[PDB]
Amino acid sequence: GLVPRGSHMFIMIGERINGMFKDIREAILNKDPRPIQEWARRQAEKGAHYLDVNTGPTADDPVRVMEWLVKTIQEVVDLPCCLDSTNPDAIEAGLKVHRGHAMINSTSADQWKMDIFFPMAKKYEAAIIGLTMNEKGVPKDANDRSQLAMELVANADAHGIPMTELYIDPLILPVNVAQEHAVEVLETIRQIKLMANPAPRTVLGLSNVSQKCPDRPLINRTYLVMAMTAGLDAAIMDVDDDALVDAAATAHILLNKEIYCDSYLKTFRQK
């Protein structure tokens, strides 16, 4: 049921160095390491366990862009990177220059993607996010999402990837246009936690639940709490949002995964 079997700390993956944001896009254009390194530091300070790294749209060679991002981040910060790209060569390139164990974001449930990405994760000893979806699209029901989760689990195992290295992403969509999905995603999280011992982990790009909605911060933090209750292990999230991190810390306590103390908000942040 909802009593968590594990005590593992919740994994916060800072979402902010992503070329979708103008300041990151322009730093990449100008090859200016300053905005990159500032955001790496700010997120580290706020307590991120990993830093997401996404080139964004570029006409530049994604391989060079990724190597660059990864090295300039890890120069000023000791944190592993969550390498976020649809380009396997870009991912492998970041992995070759990465210090420590990385996370790969992501592979789909498409067979040819699994076939490429899983070997990469084993070879480099990286964690890997599988998304529940394939070229037929992202499913609606929890039952259809769970079916793709099982397929991801099977392939991961067959490539010799430990379940503690595998993070399944149910794909949260915005509540305004997508509303009915948010509860199906919650149930999928619950089901994934059942699929093996030890169980696969679970992750969400969290901010997607609110994209283009009126009070983003309130919706984001409400849903993170719901997802954590359902069994969520990790989120790509804005770690710069103090209210959001406050909510996660409070939920982690109420879940009995860390011993309560009056200082728990501060303690949660230092891990």
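Just count from 1 along the sequence shown to find any residue number.
Of the two segments, 176-184 and 136-144, the one listed with the higher mean B-factor is 136-144 (C-alpha atoms only). The residue among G56, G231, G205, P62 whose C-alpha atom has the highest B-factor in the PDB entry is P62. As recorded in the entry, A199 carries the highest CA temperature factor of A149, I73, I104, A199. When the CA B factors of the chain's modelled residues are split into thirds, the value for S210 lands in the middle one.
In the deposited entry, the Cα temperature factor of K122 sits in the top third of values across the chain's modelled residues. In the PDB entry, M237 places in the lowest third of its chain by CA B-factor. In the deposited entry, the Cα temperature factor of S108 sits in the middle third of values across the chain's modelled residues. Among the modelled residues of the chain, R99 sits in the highest third by CA temperature factor in this PDB entry.
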